[PDB]
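Residues per chain, in single letters:
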Amino acid sequence: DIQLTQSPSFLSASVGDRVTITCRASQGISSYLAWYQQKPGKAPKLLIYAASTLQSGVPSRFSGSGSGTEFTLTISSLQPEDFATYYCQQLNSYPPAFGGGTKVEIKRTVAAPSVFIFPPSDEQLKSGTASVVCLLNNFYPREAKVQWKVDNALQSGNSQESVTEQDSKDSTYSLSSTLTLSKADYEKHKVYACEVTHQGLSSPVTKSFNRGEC
Amino acid sequence: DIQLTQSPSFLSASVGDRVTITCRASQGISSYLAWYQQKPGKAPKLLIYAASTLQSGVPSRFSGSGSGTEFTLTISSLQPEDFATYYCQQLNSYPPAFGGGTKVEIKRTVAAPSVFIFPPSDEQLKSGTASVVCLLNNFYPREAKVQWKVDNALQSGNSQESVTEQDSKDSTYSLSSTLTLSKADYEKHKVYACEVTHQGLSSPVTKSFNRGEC
Amino acid sequence: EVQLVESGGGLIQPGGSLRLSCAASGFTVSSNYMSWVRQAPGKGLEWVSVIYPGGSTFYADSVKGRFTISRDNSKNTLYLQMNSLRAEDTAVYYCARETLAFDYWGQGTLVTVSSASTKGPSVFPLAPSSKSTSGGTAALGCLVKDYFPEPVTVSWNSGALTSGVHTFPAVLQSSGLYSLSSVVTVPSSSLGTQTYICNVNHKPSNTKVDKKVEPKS
Amino acid sequence: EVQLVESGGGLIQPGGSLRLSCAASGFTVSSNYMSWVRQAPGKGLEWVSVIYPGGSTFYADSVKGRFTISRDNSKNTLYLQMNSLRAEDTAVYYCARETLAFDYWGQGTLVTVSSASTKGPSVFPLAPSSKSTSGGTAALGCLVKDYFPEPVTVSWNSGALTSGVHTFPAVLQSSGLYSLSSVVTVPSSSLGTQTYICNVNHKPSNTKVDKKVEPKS
């Protein structure tokens, strides 16, 4: 029997508020564990000691609440800069069990994207392939749609997107969609268009170019 | 003592005929071996079983004749598509001895080559060397002669040829001769010529270009 | 105070091996509980091994055996010599100084794929254009594609521009190679005016190329 | 039915080594007589090793010792771990499922030279010309030269044209590097009209280049 700790993940809030995260303990543990802050693409940093005695070098926003089981952390008066996951552990015992991690989102309001379409560089068309990039800059609701169209034909299954972590300054997202074609197939059509749908747009925005027009 | 099997190789015939290939066995073997078809640049395929019980997935043109020793295969009613070698083996015994292989040619009649000379590409002259290719396309008698001439001087010892396997469709050969020079030495002469001699030509054909003439 | 740095990650195939060196930048690795923490990408953490100030091992569950930890106090180095990687550990490795809890633990990567490409970038500049321009600002960037060895970096002007510079997560194609594109916005009055050169560095290989992005011809 | 494929060939020097994996695409390598057949180029075949359904080795004469065969039934893989290659085996390797005779045996290569160049092509397009033109047809091609790692391929239009496409045997120069040229004829009315791009792929390296051939300027 090992302990299996659990967490109600995927939080979403606004700044200056109260939020509270609990950590189950599916066995009788005592009162010695720890919380960590894992910013994305970085190393963890422990906040709560082996109970609630918050380790030094931290602000006054965290309040670890300890018990026999069902431990619980609480953030009051949020600040835009805590974009990361929070884990549980369990000191003392050698092989320790870890949590499941809770990402926490940060609500904003309404901010449409700047859109921009980039045709393939002349160097790449030598190589024999065409990447067509479309960029969506800064934007709260990430539930954006990127529809590629080639000569007004909606393109399915030759694109890839990725999205950035919520920005620590202005709490926005940015998205890059890449359409990949062969040189041969690229040279068979004229208008390349990228149509972005988003809540901050009253009707969708299309940025487009015409292959071969300086 | 291991068995050393032998074969009278280098056959030549025409289509629809009878040909017969024997396999010596320089020790008393019983009657268990096998024949293989080795098309050039491929994997073998066994035709005759451990005697004459031809393995399935083969046409009715092979007739393995078995004995104590001196085994013999026979093709009747040839078909243009058997350009490969035929080996002997010797099942049963672990380390087995293999044959020597018999290539089989396919007579045709008379078909002169299309000749073509290619000057060196401008990219290569940057690098500092000049390849001058001369191509001889489709042709039965492979006993063709390629004489390079540079400004009417017969060139000896700076060329290389290679020849294709007899074509499975039209039973012809094709030959490529490459003349290799330095950029410096290339730029010292004007006419590059390739003179092909062949039985289908009443007198030799020369294809030639003049260095530096678009 | 203490600034643990680690080195030794790369790419290898099964039955391979690899020594990792938790370089104790900082003091007294002779008398501290040290450990290795592992996480696969997109996953939670996992614990690997631990050394006592006095010498003991206690390896984890699945990596029981086939995996060795040691220290060197005079060099202030922790040594992790592994071998026969089931390639199922392809993970991001951390070494942390357990001080009654943990904390103080650098970072370091590894991948154990059953292949090798190790090639590097294919860089193109995505020019600033009026289709990207809107009012006061316009965006330009660099597309770095088709590379296997995951850790790759693109900076803008040797690390100068930090405004608007946003590198998007790399994408894994069906071909098996990664690709990404990093873009930055800059006032539209400044399309070609100043320097915007993306510095592409590929650390598993040794690729370093600077590409300038200029408005379309 | 059964479509044995093999992988693992390349280039190495003496005292080297190499694992070959006869990947049993097809069924039941747990209970079949399997073997390795070898041939040097321009030569007849030769037999190497054999595994029994039950486990036995019986290696050949000259490769007695220094050479190891095994199977894996759950993976359906045959394993051939060799080492200390006298470089005198530079050969084309086959693995065949002995079924009372033989048959069913894929293919796979190897070279054990005492050097390494591993470079790749030097491609030029040999343009169609009137000196190559005669009546209804004219010939054009691609010259791919100066490479060591013998297996190299050139296709026409990603494998489209199969008419007139003829790749000639590579030639080995005094420099020690190979060279070849592949040519195809096409109606003289169609000199530049359609696409004729030679796709050069070098498998020991990772070279892939497409070159277009057009009539002379």
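(A) Structural context of the overall build of chain A. In terms of helices and strands, chain A carries two helices and 15 strands. Seen through its principal axes, chain A has C-alpha atoms that stretch 70 × 35 × 25 Å. Carbon and sulfur atoms make up 49% of the accessible area of chain A, which amounts to about 10400 Å² in all. Once the 19 positive and 18 negative side-chain charges of chain A are each reduced to a mean point, those two points are 2 Å apart.

(B) How the structure looks around the domain arrangement of chain A. Residue and element names in this part refer to chain A. Split by domain assignment, chain A resolves into domain 1 (5–106) and domain 2 (114–210). Of note, the centres of domain 1 and domain 2, computed from C-alpha atoms alone, are 38 Å apart. Across the boundary between the two partners, domain 1 contributes six residues, which contact seven residues of domain 2. Carbon and sulfur atoms make up 50% of the surface buried where domain 1 meets domain 2, a total of about 530 Å² over both sides. Among the residues of domain 1 in contact with domain 2, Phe83, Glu105 and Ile106 are the three that bury the most area, contributing 67% of the side total. Applying the counting rule to domain 1 against domain 2 returns zero salt bridges. At the surface where domain 1 touches domain 2, the tally comes to one residue pair in polar contact.

(C) Spatial organisation of the interface of chain B and chain D. Of the residues lining the interface, 38 residues belong to chain B; the matching set on chain D comes to 42 residues. Carbon and sulfur atoms supply 69% of the area that chain B and chain D bury against each other, a total of about 3300 Å² over both sides. Our enumeration of links across chain B and chain D arrives at six residue pairs in polar contact. Of all the secondary structure elements, the ones that give two or more residues to the side of chain B that touches chain D are β4 (45–46), β8 (114–118), α1 (122–127), β9 (129–137), β12 (159–163), β13 (175–182) and β15 (205–210) of chain B.

(D) Spotlight on the side chain of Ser176 of chain B. With respect to the element layout, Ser176 of chain B can be found in strand β13. Here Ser176 of chain B falls in the buried class, since its relative accessible area comes to 7%. Not counting residues up to four positions away in its chain, the partners in contact with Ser176 of chain B are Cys134, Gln160, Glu161 and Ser162 of chain B together with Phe168 of chain D.

(E) Looking closely at the sheet that holds strand β14 (residues 191–197) of chain B. All names here are of chain B. A sheet is described by the order of its strands in space; here four strands give the open sequence β11-β10-β14-β15, paired in antiparallel fashion. Bordering the open sheet on either side are β11 (153–154) and β15, each of which pairs with just one other strand. Both strand β10 (residues 145–150) and β14 contribute to a ladder of six bridges, which runs antiparallel. Residue pairing across strands places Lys149 opposite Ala193, the latter belonging to β14.

Reading guide: rules and limits
- Residues numbered from 1 in each chain as written, not as in the entry; some residues may be left out.
- Chains lettered and ligands numbered in written order.
- Part of a larger assembly, values for the part shown.
- Heavy atoms only, no water.
- Helix = DSSP H or I, 4+ residues; strand = E, 2+ residues; numbered from the N terminus.
- Areas by Shrake-Rupley, 256 points an atom, 1.4 Å probe, with all protein chains shown as cover.
- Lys, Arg positive; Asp, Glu negative; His and termini not counted.
- Charge placed at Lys NZ, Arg CZ, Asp CG, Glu CD.
- Domains from an automatic or database assignment.
- Contact = heavy atoms within 4.5 Å.
- Buried area = accessible area lost by both parts, 1.4 Å probe.
- Salt bridge = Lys/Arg side-chain N within 4 Å of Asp/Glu carboxyl O.
- Polar contact = N/O pair within 3.5 Å; in protein donor to acceptor, adjacent residues only side chain to side chain.
- Buried < 20%, exposed > 50% of the residue type's maximum accessible area, 1.4 Å probe, protein only.
- Pairing = 2+ DSSP bridges.

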